[PDB]
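In structure tokens, one chain follows: the form deposited in one PDB entry.
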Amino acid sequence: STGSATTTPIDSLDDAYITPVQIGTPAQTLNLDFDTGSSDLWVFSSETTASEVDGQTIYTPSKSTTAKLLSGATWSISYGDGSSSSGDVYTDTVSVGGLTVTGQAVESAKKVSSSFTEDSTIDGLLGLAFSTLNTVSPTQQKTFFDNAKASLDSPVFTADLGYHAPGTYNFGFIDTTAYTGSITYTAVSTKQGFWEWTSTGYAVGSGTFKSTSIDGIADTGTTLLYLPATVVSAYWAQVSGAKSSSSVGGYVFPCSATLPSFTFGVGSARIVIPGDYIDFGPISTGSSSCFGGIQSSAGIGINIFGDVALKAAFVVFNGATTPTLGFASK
């Protein structure tokens, strides 16, 4: 089997991407945020505290003839920014782009943090990291991809995120028309539950490539590119007037600036992030200070190749017995 679904930016900055997901029978379509940095499929639901729902589409398990309470199971996830959601668990039929999994754990939110309530376009997250990170207790549950894997033509999914435009998540096949050149594959460590890999270096604009190992994760659920402070300082030093602002929470730059590209290495290959992809717009409406798309990871504990980096590439998440990541230009 295969599946193919379009993923659409939630706003004009590409802060996140939503993909329609069919849950239950008859289908209830929710727009979920496919997250390769986490491993829970959770949704706003008829069980979510009413004051914490503000415009999201909800899953109502009592209206699905295939929903079944997973007795005794609860979940609770804290994200890296401090956001959180928790609740109970149903199993139900879940389909993405024509690919159907029966018995998928659908984690129904009873509580969500304000950051989620405020995002009316996101109806939940569909985790695509390794199932070892799934938070369901007392019986950990598998991700949608893990459940689908054996049925897929090939045990892979691909992320092809658009810049200011829709893109595609495919399951079970490589679309060889979706990228240019060849795909360069690189090793993955699953020891932390992430799609963790080592970039071979970077360049700023037309500058020379610096060969240096940068361990990080491929994370579709994070917006920005978080890299070591040395790398990030080298990037922003090429933007006149750019500076790190403790009050704003990162590097900012004059909105009148033209930003240089940023290149990262994948083995001997190179992925170029155009300068425009690094502009996240005014820090507040009407400001002439703009927020940068490359930020320091120093306070995180891990480097994160988020959407800023991934949308410059066609990315293969190869879930074979020994997983690997593939990157191609496009």
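In case it trips you up, residue 1 is the first one in the sequence shown, and so on.
If you look for the form solved in complex with a small molecule, you will not find it shown, but the lines that follow are about it.
K.L.:
Just to be sure I understand the contacts: of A159, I174, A203, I217, which is the one whose heavy atoms reach within 4.5 angstroms of the small molecule in the bound PDB entry?
P.N.:
Selected option: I217.
K.L.:
Heavy atom to heavy atom, is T222 within 4.5 Å of the small molecule in the bound PDB entry?
P.N.:
Answer yes; at least one heavy atom of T222 falls within 4.5 Å of the small molecule in the bound PDB entry.
K.L.:
Going by a heavy atom distance of 4.5 Å, is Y179 a contact of the small molecule in the bound PDB entry?
P.N.:
No, no contact at 4.5 Å.
K.L.:
Consider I58 of the chain shown here, and say whether it contacts the small molecule in the bound PDB entry, taking contact as heavy atoms within 4.5 Å.
P.N.:
Result no; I58 lies far from the small molecule in the bound PDB entry.
K.L.:
Using a 4.5 Å heavy atom cut-off, state whether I300 contacts the small molecule in the bound PDB entry.
P.N.:
So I300 counts as contacting the small molecule.
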